[PDB]
Amino acid sequence: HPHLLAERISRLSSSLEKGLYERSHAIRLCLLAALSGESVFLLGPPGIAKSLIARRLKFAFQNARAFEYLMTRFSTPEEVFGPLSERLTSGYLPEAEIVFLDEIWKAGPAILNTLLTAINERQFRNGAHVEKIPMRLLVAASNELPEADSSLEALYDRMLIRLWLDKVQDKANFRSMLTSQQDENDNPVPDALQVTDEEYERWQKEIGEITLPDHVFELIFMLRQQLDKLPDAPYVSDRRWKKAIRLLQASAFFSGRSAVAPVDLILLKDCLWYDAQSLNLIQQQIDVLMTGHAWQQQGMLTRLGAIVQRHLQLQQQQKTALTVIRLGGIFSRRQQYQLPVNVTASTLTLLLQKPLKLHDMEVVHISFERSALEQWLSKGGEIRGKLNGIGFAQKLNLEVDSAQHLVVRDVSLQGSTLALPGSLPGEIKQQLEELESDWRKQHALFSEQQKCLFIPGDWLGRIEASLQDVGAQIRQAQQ
Amino acid sequence: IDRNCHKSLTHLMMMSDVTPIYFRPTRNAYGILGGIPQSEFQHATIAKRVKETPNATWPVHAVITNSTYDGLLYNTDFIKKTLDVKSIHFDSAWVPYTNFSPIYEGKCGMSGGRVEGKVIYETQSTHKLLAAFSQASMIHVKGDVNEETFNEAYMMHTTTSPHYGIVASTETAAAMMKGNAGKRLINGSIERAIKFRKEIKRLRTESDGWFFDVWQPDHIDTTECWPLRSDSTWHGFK
Ligand SMILES: Nc1ncnc2c1ncn2[C@@H]1O[C@H](COP(=O)(O)OP(=O)(O)O)[C@@H](O)[C@H]1O
């Protein structure tokens with residue numbers, strides 16, 4: 001049942017896009033805020049399809065009312081909500097569903113005070129008491145930006161989505177747009193794709209039931225701390241973070257998912273900035289976060305770089321000697337330490353060059369105990385080691401060498417430098433396949449949730465390029 | 001705690017279960033570390049690294065290396081007002097003389113008055129640039145501290161039989177500087193230092209070849225502390 005919901009939404013927005021080219025980000029975003037109870041703001045020059053999107057989304061319902069109003073410098077509240085006789089609000093805003101308000105940055109002080117109460121509580125005073133408003137989508141467009149210290153910032157800080165529209169730039173998409181025959185006043189939405197009033201009240205409750213994975217909280221909390229490190233970043237209060245959770249839960253709900261997906265963080269690019277200066281800062285930090293901490297992009301770079309450094313170090317170890325390192329600290333006797341990641345076994349064996357006659361017999365390999373080698377090289381004493389891997393741990397005359405080696409002395413005071421038996425090294429290939437397998441696991445999640453309708457198309461060229469860059473580099477060292 | 005800390009300050013963080021916050025002092029290319037910028041003392045900076053670093057509360061103590069190992073005094077007139085710390089420490093282990101000269105007013109923690117709600121901690125060395133036996137130090141107090149219970153912590157590192165030969169020489173350093181007969185040693189050391197600075201520039205141009213250079217401004221005619229401005233090239237601090 002949840003899988004069939006993503007197909008019905010994809011077909012609903014298909015007819016809405018027919019007639020407005022290069023405006024998929026301004027139409028698909030308004031559908032998410034209408035089915036979840038959010039708002040949206042537009043900005044740009046008058047004439048980039050800003051009022052038609054408010055009159056196009058009403059055809060996707062069955063009981064929607066349009067309201068295209070233009071705020072002026074001498075506008076009165078009695079001409080916006082309805083003149084009083086108690087207020088004749090027949091087809092305006094208190095009983096409408098989708099209202100449009102253009103040039104909102106020039107109304108009076110009484111109009112702004114009424115728009116703040118119709119968003120948080122969906123109520124509006126009517127002389128004495130208040131009443132509910134069945135508003136589903138709130139859209140507002142303009143052209144200029146408000147002041148830095150004014151009373152108009154109380155409404156801008158409450159809106160969620162801040163769309164950034166612009167004129168057309170592509171030449172291929174302008175040919176059919178210049179001579180379009182699609183009418184903007186008909187009903188291109190079929191009668192089978194329109195939702196009813198019963199399905200709307202049920203979807204408003206199932207949004208809050210979406211679980212919040214632990215991996216998603218690690219990216220949202222990190223993004224909040226990243227914005228605090230930049231003094232030029234816009235100030236975001238706790239009210240925006242509470243409404244941002246509903247935006248991500250509603251996006252994955254209509255995409256055939258039951259939990260919050262990490263790909264839903266792309267919609268946060270239009271919910272933090274406020275002007276043209278902060279526009280290039282919010283879209284920049286999210287692009288690094290999505291291509292650095294979302295699918296563990298940088299998490300694989302800190303491990304691949306260590307393999308390249310380790311591959312060059314093993315070139316002089318894989319003829320074969322054994323260099324003993326000195327452990328740190330202030331001690332009287334010059335203590336020695338074993339090898340770290342090179343050897344890990346407990347009863348490993350050690351070879352030798354010139355053979356000696358120990359205990360009146362020949363030997364070709366001597367094995368030492370890891371639990372006994374760490375104590376003799378630190379606390380001192382005498383070491384005990386068996387011969388040819390058999391017998392008991394007999395005592396030997398082992399000492400330290402000037403070139404950091406293991407010289408085994410016998411009854412004739414002869415030297416014998418010990419060494420470890422040798423085997424793209426095996427350690428490099430073992431550590432590389434584990435990192436390469438993690439890239440396929442992170443790419444498998446991205447090769448399933450990319451069909452989300454609420455994702456901009458221009459971001460697919462940057463997220464996929466970031467995953468292919470690591471894959472092209474991890475396959476070069478294995479050549 | 002300051003980033004440019006001494007070996008003694010490292011063992012302090014290893015014996016107390018605290019969460020220190022390290023700063024980022026300025027530096028050049030010759031290796032001479034500058035000082036902590038003024039942006040690290042504002043109110044938007046102290047609580048900035050507290051929430052980012054897990055397991056950290058409001059800082060109740062601040063250690064400032066003033067001066068550093070090379071000898072670079074800071075500006076205490078701006079730290080005592082901007083830095084909102086009720087326990088600001090000044091590591092004055094290299095300047096036991098910022099009082100007996102008028103070119104040091106308002107440059108150290110002892111110069112000025114009692115800051116309301118704060119206290120100045122200075123551990124000036126005694127057997128470094130004075131005249132006393134080894135194993136001697138002082139603890140300056142500018143405000144209100146502890147003494148009854150604090151004496152128990154002092155006895156944890158000091159034996160019950162102190163060596164009076166060091167104590168007699170420790171107070172002697174405070175008596176050798178009192179009066180005009182002691183103030184001539186501070187001003188006399190400055191006059192001999194400025195004279196040595198002028199002899200380097202005199203033997204540099206008149207010489208035929210390379211010669212040593214003193215890290216000093218182009219104008220050293222005055223007798224005071226040369227400030228590090230922003231329109232100079234001798235300090236090289238960006
Ligand atoms: N970028 C665009 N692509 C396609 N059609 C557009 C575009 N901009 C405007 N239009 C068309 O112009 C008509 C009027 O748009 P209008 O409401 O004046 O836009 P705005 O509200 O931004 O001034 C609409 O029916 C729309 O189809």
# chains A, B, ... in the order shown; residues from 1 in each chain; ligands from 1
>>> residues_near_ligand(ligand="ligand 1", cutoff="6 Å", atoms="only C-alpha atoms and all ligand atoms", output="list in words")
residues 20, 21, 46, 47, 48, 49, 50, 51, 52, 167, 168, 177 and 184 of chain A
>>> write_last_selection(atoms="C-alpha atoms", output="PDB file, in the first residue's frame")
ATOM      1  CA  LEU A  20       5.467  25.821 -17.177  1.00  0.00           C
ATOM      2  CA  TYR A  21       8.970  24.874 -18.325  1.00  0.00           C
ATOM      3  CA  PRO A  46       7.319  40.132 -11.848  1.00  0.00           C
ATOM      4  CA  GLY A  47       6.811  37.856 -14.836  1.00  0.00           C
ATOM      5  CA  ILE A  48       8.522  34.545 -14.069  1.00  0.00           C
ATOM      6  CA  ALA A  49       5.355  32.499 -13.411  1.00  0.00           C
ATOM      7  CA  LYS A  50       4.661  33.333  -9.774  1.00  0.00           C
ATOM      8  CA  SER A  51       0.861  33.752  -9.717  1.00  0.00           C
ATOM      9  CA  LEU A  52      -0.098  30.811 -11.951  1.00  0.00           C
ATOM     10  CA  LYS A 167      14.036  33.966 -15.749  1.00  0.00           C
ATOM     11  CA  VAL A 168      14.729  31.350 -18.410  1.00  0.00           C
ATOM     12  CA  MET A 177       7.783  27.995 -24.239  1.00  0.00           C
ATOM     13  CA  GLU A 184      -3.638  28.154 -18.213  1.00  0.00           C
TER      14      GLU A 184
END
>>> select_by_dssp(residues="stretch 87-234 of chain B", states="strand (DSSP E)", output="PyMOL selection string")
chain B and resi 88-90+120-122+140-142
>>> write_last_selection(atoms="N, CA, C and O atoms", output="compact mmCIF listing (two decimals), in the first residue's frame")
# COMPACT_ATOMS: atom_id res chain seq x y z
N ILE B 88 40.96 34.64 35.91
CA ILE B 88 41.88 34.81 34.80
C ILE B 88 43.31 34.68 35.31
O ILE B 88 43.71 35.39 36.24
N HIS B 89 44.07 33.76 34.72
CA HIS B 89 45.44 33.49 35.11
C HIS B 89 46.40 34.10 34.10
O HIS B 89 46.20 33.96 32.89
N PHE B 90 47.43 34.78 34.60
CA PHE B 90 48.47 35.38 33.76
C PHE B 90 49.80 34.72 34.10
O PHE B 90 50.32 34.89 35.21
N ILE B 120 42.73 38.05 39.69
CA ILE B 120 43.90 37.92 38.84
C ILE B 120 44.88 36.96 39.50
O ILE B 120 45.24 37.15 40.67
N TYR B 121 45.30 35.94 38.76
CA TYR B 121 46.25 34.95 39.24
C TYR B 121 47.54 35.06 38.45
O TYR B 121 47.53 34.95 37.22
N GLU B 122 48.65 35.29 39.15
CA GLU B 122 49.96 35.41 38.52
C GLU B 122 50.98 34.62 39.32
O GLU B 122 51.06 34.76 40.54
N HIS B 140 50.69 36.02 43.15
CA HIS B 140 50.09 37.34 43.34
C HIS B 140 48.57 37.24 43.37
O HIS B 140 47.97 36.44 42.65
N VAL B 141 47.95 38.06 44.21
CA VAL B 141 46.50 38.08 44.38
C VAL B 141 46.01 39.51 44.22
O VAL B 141 46.53 40.43 44.87
N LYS B 142 45.02 39.70 43.35
CA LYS B 142 44.38 41.00 43.13
C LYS B 142 42.87 40.79 43.27
O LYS B 142 42.15 40.67 42.28
>>> interface_residues(of="chain B", to="chain A", cutoff="10 Å", atoms="only C-alpha atoms", output="JSON, numbers by chain")
{"B": [44, 45, 48, 49, 51, 52]}
>>> write_last_selection(atoms="N, CA, C and O atoms", output="PDB file, in the first residue's frame")
ATOM      1  N   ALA B  44      30.762  35.840  22.504  1.00  0.00           N
ATOM      2  CA  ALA B  44      30.333  34.909  21.469  1.00  0.00           C
ATOM      3  C   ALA B  44      31.385  33.856  21.143  1.00  0.00           C
ATOM      4  O   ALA B  44      31.183  33.065  20.215  1.00  0.00           O
ATOM      5  N   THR B  45      32.494  33.828  21.878  1.00  0.00           N
ATOM      6  CA  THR B  45      33.561  32.862  21.656  1.00  0.00           C
ATOM      7  C   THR B  45      33.759  31.900  22.817  1.00  0.00           C
ATOM      8  O   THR B  45      34.059  30.727  22.581  1.00  0.00           O
ATOM      9  N   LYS B  48      31.161  29.427  22.656  1.00  0.00           N
ATOM     10  CA  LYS B  48      31.066  28.885  21.305  1.00  0.00           C
ATOM     11  C   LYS B  48      31.615  27.465  21.237  1.00  0.00           C
ATOM     12  O   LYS B  48      31.012  26.589  20.607  1.00  0.00           O
ATOM     13  N   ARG B  49      32.755  27.217  21.879  1.00  0.00           N
ATOM     14  CA  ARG B  49      33.374  25.899  21.878  1.00  0.00           C
ATOM     15  C   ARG B  49      32.880  25.005  23.008  1.00  0.00           C
ATOM     16  O   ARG B  49      33.285  23.840  23.076  1.00  0.00           O
ATOM     17  N   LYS B  51      29.495  24.249  23.686  1.00  0.00           N
ATOM     18  CA  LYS B  51      28.430  23.397  23.171  1.00  0.00           C
ATOM     19  C   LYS B  51      28.944  22.437  22.105  1.00  0.00           C
ATOM     20  O   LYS B  51      28.419  21.325  21.968  1.00  0.00           O
ATOM     21  N   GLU B  52      29.968  22.839  21.349  1.00  0.00           N
ATOM     22  CA  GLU B  52      30.509  21.963  20.314  1.00  0.00           C
ATOM     23  C   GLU B  52      31.279  20.796  20.922  1.00  0.00           C
ATOM     24  O   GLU B  52      31.178  19.662  20.440  1.00  0.00           O
TER      25      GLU B  52
END
>>> residues_around(residues="residue A:53", least_positions_apart="6", cutoff="12 Å", atoms="only C-alpha atoms", output="PyMOL selection string")
chain A and resi 13+16-20+23-31+40-42+59-60+66+68+98-100+137-141+184-185
>>> residues_around(residues="residue A:5", least_positions_apart="3", cutoff="12 Å", atoms="only C-alpha atoms", output="ChimeraX atom specification")
/A:1-2,8-12,193,195,203,251-258,452-453
>>> write_last_selection(atoms="N, CA, C and O atoms", output="PDB file, in the first residue's frame")
ATOM      1  N   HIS A   1       0.801  -1.222   0.000  1.00  0.00           N
ATOM      2  CA  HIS A   1       0.000   0.000   0.000  1.00  0.00           C
ATOM      3  C   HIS A   1       0.844   1.289   0.000  1.00  0.00           C
ATOM      4  O   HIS A   1       0.559   2.197  -0.780  1.00  0.00           O
ATOM      5  N   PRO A   2       1.871   1.390   0.859  1.00  0.00           N
ATOM      6  CA  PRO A   2       2.719   2.595   0.816  1.00  0.00           C
ATOM      7  C   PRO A   2       3.517   2.733  -0.468  1.00  0.00           C
ATOM      8  O   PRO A   2       3.885   3.858  -0.826  1.00  0.00           O
ATOM      9  N   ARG A   8       1.155   7.571  -7.475  1.00  0.00           N
ATOM     10  CA  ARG A   8       0.031   8.481  -7.668  1.00  0.00           C
ATOM     11  C   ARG A   8       0.474   9.936  -7.571  1.00  0.00           C
ATOM     12  O   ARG A   8      -0.077  10.806  -8.254  1.00  0.00           O
ATOM     13  N   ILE A   9       1.471  10.219  -6.729  1.00  0.00           N
ATOM     14  CA  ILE A   9       1.968  11.584  -6.603  1.00  0.00           C
ATOM     15  C   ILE A   9       2.794  11.966  -7.825  1.00  0.00           C
ATOM     16  O   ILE A   9       2.766  13.118  -8.275  1.00  0.00           O
ATOM     17  N   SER A  10       3.536  11.008  -8.386  1.00  0.00           N
ATOM     18  CA  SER A  10       4.344  11.293  -9.566  1.00  0.00           C
ATOM     19  C   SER A  10       3.469  11.617 -10.772  1.00  0.00           C
ATOM     20  O   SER A  10       3.847  12.435 -11.618  1.00  0.00           O
ATOM     21  N   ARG A  11       2.298  10.986 -10.868  1.00  0.00           N
ATOM     22  CA  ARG A  11       1.380  11.268 -11.964  1.00  0.00           C
ATOM     23  C   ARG A  11       0.551  12.523 -11.726  1.00  0.00           C
ATOM     24  O   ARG A  11       0.040  13.102 -12.690  1.00  0.00           O
ATOM     25  N   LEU A  12       0.407  12.954 -10.471  1.00  0.00           N
ATOM     26  CA  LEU A  12      -0.352  14.168 -10.191  1.00  0.00           C
ATOM     27  C   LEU A  12       0.432  15.413 -10.585  1.00  0.00           C
ATOM     28  O   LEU A  12      -0.132  16.355 -11.154  1.00  0.00           O
ATOM     29  N   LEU A 193      -6.959  11.477 -10.236  1.00  0.00           N
ATOM     30  CA  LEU A 193      -5.768  11.830  -9.477  1.00  0.00           C
ATOM     31  C   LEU A 193      -6.037  12.879  -8.406  1.00  0.00           C
ATOM     32  O   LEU A 193      -5.114  13.241  -7.668  1.00  0.00           O
ATOM     33  N   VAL A 195      -7.396  14.176  -4.907  1.00  0.00           N
ATOM     34  CA  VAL A 195      -7.688  13.613  -3.596  1.00  0.00           C
ATOM     35  C   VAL A 195      -8.980  14.214  -3.049  1.00  0.00           C
ATOM     36  O   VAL A 195      -9.412  15.300  -3.444  1.00  0.00           O
ATOM     37  N   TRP A 203      -3.992  12.126   6.121  1.00  0.00           N
ATOM     38  CA  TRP A 203      -2.565  12.261   5.853  1.00  0.00           C
ATOM     39  C   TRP A 203      -1.894  13.224   6.824  1.00  0.00           C
ATOM     40  O   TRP A 203      -0.682  13.130   7.047  1.00  0.00           O
ATOM     41  N   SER A 251       8.247  14.541   2.993  1.00  0.00           N
ATOM     42  CA  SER A 251       8.852  14.243   1.698  1.00  0.00           C
ATOM     43  C   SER A 251       9.020  12.743   1.499  1.00  0.00           C
ATOM     44  O   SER A 251       8.736  12.219   0.415  1.00  0.00           O
ATOM     45  N   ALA A 252       9.481  12.035   2.530  1.00  0.00           N
ATOM     46  CA  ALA A 252       9.647  10.590   2.451  1.00  0.00           C
ATOM     47  C   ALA A 252       8.331   9.834   2.574  1.00  0.00           C
ATOM     48  O   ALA A 252       8.294   8.637   2.270  1.00  0.00           O
ATOM     49  N   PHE A 253       7.257  10.496   3.010  1.00  0.00           N
ATOM     50  CA  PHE A 253       5.969   9.820   3.129  1.00  0.00           C
ATOM     51  C   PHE A 253       5.354   9.558   1.761  1.00  0.00           C
ATOM     52  O   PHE A 253       4.794   8.483   1.521  1.00  0.00           O
ATOM     53  N   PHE A 254       5.447  10.528   0.850  1.00  0.00           N
ATOM     54  CA  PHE A 254       4.901  10.399  -0.492  1.00  0.00           C
ATOM     55  C   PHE A 254       5.893   9.782  -1.474  1.00  0.00           C
ATOM     56  O   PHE A 254       5.682   9.864  -2.689  1.00  0.00           O
ATOM     57  N   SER A 255       6.966   9.167  -0.974  1.00  0.00           N
ATOM     58  CA  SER A 255       7.972   8.541  -1.823  1.00  0.00           C
ATOM     59  C   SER A 255       8.088   7.041  -1.584  1.00  0.00           C
ATOM     60  O   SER A 255       9.073   6.430  -2.013  1.00  0.00           O
ATOM     61  N   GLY A 256       7.114   6.434  -0.912  1.00  0.00           N
ATOM     62  CA  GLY A 256       7.163   5.008  -0.652  1.00  0.00           C
ATOM     63  C   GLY A 256       8.134   4.603   0.434  1.00  0.00           C
ATOM     64  O   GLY A 256       8.770   3.546   0.330  1.00  0.00           O
ATOM     65  N   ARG A 257       8.268   5.415   1.479  1.00  0.00           N
ATOM     66  CA  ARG A 257       9.175   5.131   2.581  1.00  0.00           C
ATOM     67  C   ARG A 257       8.449   5.330   3.904  1.00  0.00           C
ATOM     68  O   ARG A 257       7.488   6.098   4.002  1.00  0.00           O
ATOM     69  N   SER A 258       8.924   4.620   4.929  1.00  0.00           N
ATOM     70  CA  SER A 258       8.340   4.697   6.260  1.00  0.00           C
ATOM     71  C   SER A 258       9.177   5.490   7.253  1.00  0.00           C
ATOM     72  O   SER A 258       8.647   5.897   8.291  1.00  0.00           O
ATOM     73  N   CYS A 452      12.714   9.935  -5.858  1.00  0.00           N
ATOM     74  CA  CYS A 452      11.875  10.868  -5.120  1.00  0.00           C
ATOM     75  C   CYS A 452      11.499  12.050  -6.005  1.00  0.00           C
ATOM     76  O   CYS A 452      12.357  12.644  -6.666  1.00  0.00           O
ATOM     77  N   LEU A 453      10.209  12.391  -6.016  1.00  0.00           N
ATOM     78  CA  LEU A 453       9.737  13.480  -6.863  1.00  0.00           C
ATOM     79  C   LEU A 453      10.134  14.842  -6.305  1.00  0.00           C
ATOM     80  O   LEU A 453      10.286  15.802  -7.068  1.00  0.00           O
TER      81      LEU A 453
END
>>> closest_atom_pairs(of="stretch 242-354 of chain A", to="stretch 439-444 of chain A", cutoff="8 Å", atoms="only C-alpha atoms", output="Markdown table")
| residue | atom | partner | partner_atom | distance |
| --- | --- | --- | --- | --- |
| A:295 | CA | A:442 | CA | 5.6 |
| A:296 | CA | A:442 | CA | 7.6 |
| A:300 | CA | A:439 | CA | 7.9 |
>>> write_last_selection(atoms="N, CA and C atoms", output="mmCIF file, in the first residue's frame")
data_model
loop_
_atom_site.group_PDB
_atom_site.id
_atom_site.type_symbol
_atom_site.label_atom_id
_atom_site.label_comp_id
_atom_site.auth_asym_id
_atom_site.auth_seq_id
_atom_site.Cartn_x
_atom_site.Cartn_y
_atom_site.Cartn_z
ATOM 1 N N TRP A 295 26.491 10.011 2.787
ATOM 2 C CA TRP A 295 26.816 8.623 2.478
ATOM 3 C C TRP A 295 28.264 8.275 2.800
ATOM 4 N N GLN A 296 28.851 8.933 3.803
ATOM 5 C CA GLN A 296 30.226 8.679 4.236
ATOM 6 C C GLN A 296 31.218 8.895 3.094
ATOM 7 N N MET A 300 35.309 7.656 3.853
ATOM 8 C CA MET A 300 36.106 6.724 3.068
ATOM 9 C C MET A 300 37.418 7.329 2.590
#
>>> select_by_dssp(residues="stretch 189-341 of chain A", states="helix (DSSP H, G or I)", output="count of residues only")
87
>>> residues_around(residues="residue B:194", least_positions_apart="6", cutoff="9 Å", atoms="only C-alpha atoms", output="list in words")
residues 220, 221 and 223 of chain B
>>> residues_around(residues="stretch 369-377 of chain A", least_positions_apart="3", cutoff="9 Å", atoms="only C-alpha atoms", output="list in words")
residues 334, 335, 336, 337, 338, 344, 345, 346, 347, 348, 349, 380, 381, 382, 383, 384 and 385 of chain A
>>> write_last_selection(atoms="N, CA, C and O atoms", output="PDB file, in the first residue's frame")
ATOM      1  N   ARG A 334      67.792  -0.042  28.588  1.00  0.00           N
ATOM      2  CA  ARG A 334      67.231   0.236  27.272  1.00  0.00           C
ATOM      3  C   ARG A 334      66.232  -0.843  26.873  1.00  0.00           C
ATOM      4  O   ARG A 334      66.609  -1.860  26.282  1.00  0.00           O
ATOM      5  N   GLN A 335      64.957  -0.630  27.193  1.00  0.00           N
ATOM      6  CA  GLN A 335      63.929  -1.605  26.872  1.00  0.00           C
ATOM      7  C   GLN A 335      63.625  -1.599  25.377  1.00  0.00           C
ATOM      8  O   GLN A 335      63.950  -0.656  24.648  1.00  0.00           O
ATOM      9  N   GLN A 336      62.989  -2.675  24.922  1.00  0.00           N
ATOM     10  CA  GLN A 336      62.615  -2.834  23.525  1.00  0.00           C
ATOM     11  C   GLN A 336      61.144  -3.217  23.433  1.00  0.00           C
ATOM     12  O   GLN A 336      60.558  -3.747  24.380  1.00  0.00           O
ATOM     13  N   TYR A 337      60.553  -2.940  22.273  1.00  0.00           N
ATOM     14  CA  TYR A 337      59.153  -3.242  22.019  1.00  0.00           C
ATOM     15  C   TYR A 337      59.032  -4.050  20.734  1.00  0.00           C
ATOM     16  O   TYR A 337      59.875  -3.950  19.838  1.00  0.00           O
ATOM     17  N   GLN A 338      57.973  -4.851  20.654  1.00  0.00           N
ATOM     18  CA  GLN A 338      57.751  -5.727  19.512  1.00  0.00           C
ATOM     19  C   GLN A 338      57.199  -4.918  18.337  1.00  0.00           C
ATOM     20  O   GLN A 338      57.177  -3.684  18.351  1.00  0.00           O
ATOM     21  N   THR A 344      50.649 -10.291  14.765  1.00  0.00           N
ATOM     22  CA  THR A 344      49.543 -10.337  15.710  1.00  0.00           C
ATOM     23  C   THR A 344      49.347 -11.697  16.364  1.00  0.00           C
ATOM     24  O   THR A 344      48.598 -11.781  17.345  1.00  0.00           O
ATOM     25  N   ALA A 345      49.981 -12.753  15.865  1.00  0.00           N
ATOM     26  CA  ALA A 345      49.807 -14.076  16.440  1.00  0.00           C
ATOM     27  C   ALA A 345      50.521 -14.178  17.785  1.00  0.00           C
ATOM     28  O   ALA A 345      51.389 -13.369  18.126  1.00  0.00           O
ATOM     29  N   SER A 346      50.139 -15.196  18.556  1.00  0.00           N
ATOM     30  CA  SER A 346      50.725 -15.429  19.871  1.00  0.00           C
ATOM     31  C   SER A 346      51.945 -16.341  19.797  1.00  0.00           C
ATOM     32  O   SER A 346      52.993 -16.029  20.371  1.00  0.00           O
ATOM     33  N   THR A 347      51.824 -17.468  19.097  1.00  0.00           N
ATOM     34  CA  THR A 347      52.928 -18.411  18.970  1.00  0.00           C
ATOM     35  C   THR A 347      53.529 -18.351  17.572  1.00  0.00           C
ATOM     36  O   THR A 347      53.594 -19.366  16.872  1.00  0.00           O
ATOM     37  N   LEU A 348      53.969 -17.166  17.159  1.00  0.00           N
ATOM     38  CA  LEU A 348      54.571 -16.995  15.847  1.00  0.00           C
ATOM     39  C   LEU A 348      55.977 -17.586  15.820  1.00  0.00           C
ATOM     40  O   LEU A 348      56.611 -17.805  16.855  1.00  0.00           O
ATOM     41  N   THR A 349      56.460 -17.845  14.609  1.00  0.00           N
ATOM     42  CA  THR A 349      57.783 -18.408  14.391  1.00  0.00           C
ATOM     43  C   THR A 349      58.715 -17.353  13.808  1.00  0.00           C
ATOM     44  O   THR A 349      58.283 -16.399  13.156  1.00  0.00           O
ATOM     45  N   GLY A 380      62.990  -7.290  31.797  1.00  0.00           N
ATOM     46  CA  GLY A 380      64.270  -7.966  31.782  1.00  0.00           C
ATOM     47  C   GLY A 380      64.160  -9.430  32.165  1.00  0.00           C
ATOM     48  O   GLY A 380      63.097 -10.053  32.098  1.00  0.00           O
ATOM     49  N   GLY A 381      65.297  -9.983  32.577  1.00  0.00           N
ATOM     50  CA  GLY A 381      65.356 -11.373  32.985  1.00  0.00           C
ATOM     51  C   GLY A 381      65.927 -12.285  31.919  1.00  0.00           C
ATOM     52  O   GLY A 381      66.873 -11.916  31.216  1.00  0.00           O
ATOM     53  N   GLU A 382      65.357 -13.481  31.787  1.00  0.00           N
ATOM     54  CA  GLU A 382      65.798 -14.459  30.805  1.00  0.00           C
ATOM     55  C   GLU A 382      64.607 -14.929  29.984  1.00  0.00           C
ATOM     56  O   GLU A 382      63.513 -15.130  30.520  1.00  0.00           O
ATOM     57  N   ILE A 383      64.826 -15.100  28.686  1.00  0.00           N
ATOM     58  CA  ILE A 383      63.780 -15.533  27.768  1.00  0.00           C
ATOM     59  C   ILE A 383      63.842 -17.049  27.626  1.00  0.00           C
ATOM     60  O   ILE A 383      64.906 -17.666  27.746  1.00  0.00           O
ATOM     61  N   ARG A 384      62.684 -17.657  27.382  1.00  0.00           N
ATOM     62  CA  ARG A 384      62.564 -19.100  27.212  1.00  0.00           C
ATOM     63  C   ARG A 384      61.858 -19.379  25.893  1.00  0.00           C
ATOM     64  O   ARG A 384      60.724 -18.935  25.686  1.00  0.00           O
ATOM     65  N   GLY A 385      62.529 -20.111  25.006  1.00  0.00           N
ATOM     66  CA  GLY A 385      61.961 -20.433  23.712  1.00  0.00           C
ATOM     67  C   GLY A 385      62.292 -21.835  23.243  1.00  0.00           C
ATOM     68  O   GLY A 385      63.429 -22.294  23.384  1.00  0.00           O
TER      69      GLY A 385
END
>>> atom_distance(atom1="atom CA of residue A:67", atom2="atom CA of residue A:80")
9.9 Å
>>> atom_distance(atom1="atom CA of residue B:68", atom2="atom CA of residue B:104")
16.2 Å
>>> residues_around(residues="residue A:362", least_positions_apart="6", cutoff="12 Å", atoms="only C-alpha atoms", output="list in words")
residues 352, 354, 355, 356, 387, 388 and 410 of chain A
>>> atom_distance(atom1="atom CA of residue A:455", atom2="atom CA of residue A:270")
12.3 Å
>>> closest_residue(among="A:79, A:232, A:427, A:131", to="residue A:107", atoms="only C-alpha atoms")
A:79
>>> closest_residue(among="B:101, B:158, B:134, B:169", to="residue B:184", atoms="only C-alpha atoms")
B:101
